[PDB]
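Quick setup: one chain, the form deposited without the ligand, written in structure tokens, and binding and motion questions come after.
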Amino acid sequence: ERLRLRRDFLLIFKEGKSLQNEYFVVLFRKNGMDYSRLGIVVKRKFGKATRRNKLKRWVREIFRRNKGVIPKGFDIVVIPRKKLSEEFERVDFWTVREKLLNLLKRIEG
């Protein structure tokens, strides 16, 4: 998952596909590899280091533990949505996991 966002975010956004739910947008494109790579784009307005780092930790953990079931061969960008910033402190880890995994497991084909 060393996805280098500064170069590849534009390309994924323009050429990839997207899925979303109330908490996340996930953008994805085929990478031509036998593994997927993750990047996380957290808007500055989501908060200071503690808050943004908490979200990024959760996201990294969910991807790492679930790599074996997430489809292979995609570059994936996870973007938290306004509603997740609104609600963060009231959403527990298992809900974040559920909501993220439902999009990740639908990346096709």
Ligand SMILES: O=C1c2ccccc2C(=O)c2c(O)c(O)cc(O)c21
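Numbering starts at 1 and runs along the sequence shown.
Relative to one another, 46-54 and 75-83 have unequal mean CA B-factors, and 46-54 is the one with the higher figure. Of the candidates 60, 67, 37, 30, the one whose C-alpha carries the top B factor in the deposited record is 67. Ranked against the other modelled residues of its chain, the C-alpha B-factor of residue 10 as given in the entry falls in the middle third. Sort the modelled residues of the chain by CA B factor and residue 4 lands in the highest third. Ranked by Cα temperature factor within the chain, residue 19 sits in the lowest third according to the deposited record. Ranked against the other modelled residues of its chain, the C-alpha B-factor of residue 25 as given in the entry falls in the lowest third. Residue-level temperature factors show residue 96 in the middle third of its chain, judged at the C-alpha atom.
Only in words, not in the display: the form solved in complex with the ligand, which the text now covers.
Overlaying the ligand from its position in the entry with it bound leaves no ligand atom within 2.4 angstroms of any backbone or C-beta atom here, which marks the pocket as open.
Relative to the ligand in the entry with it bound, residues 13, 43 and 79 are all within 4.5 Å by at least one heavy atom. Residue contact check for residue 20: one or more of its heavy atoms lie within 4.5 Å of the ligand in the entry with it bound. In the entry with it bound, none of the heavy atoms of residue 91 sits within 4.5 Å of a heavy atom of the ligand. The ligand in the entry with it bound comes within 4.5 Å of no heavy atom belonging to residue 62.
Proximity of residue 101 to the ligand in the entry with it bound falls outside the 4.5 Å heavy atom cutoff.
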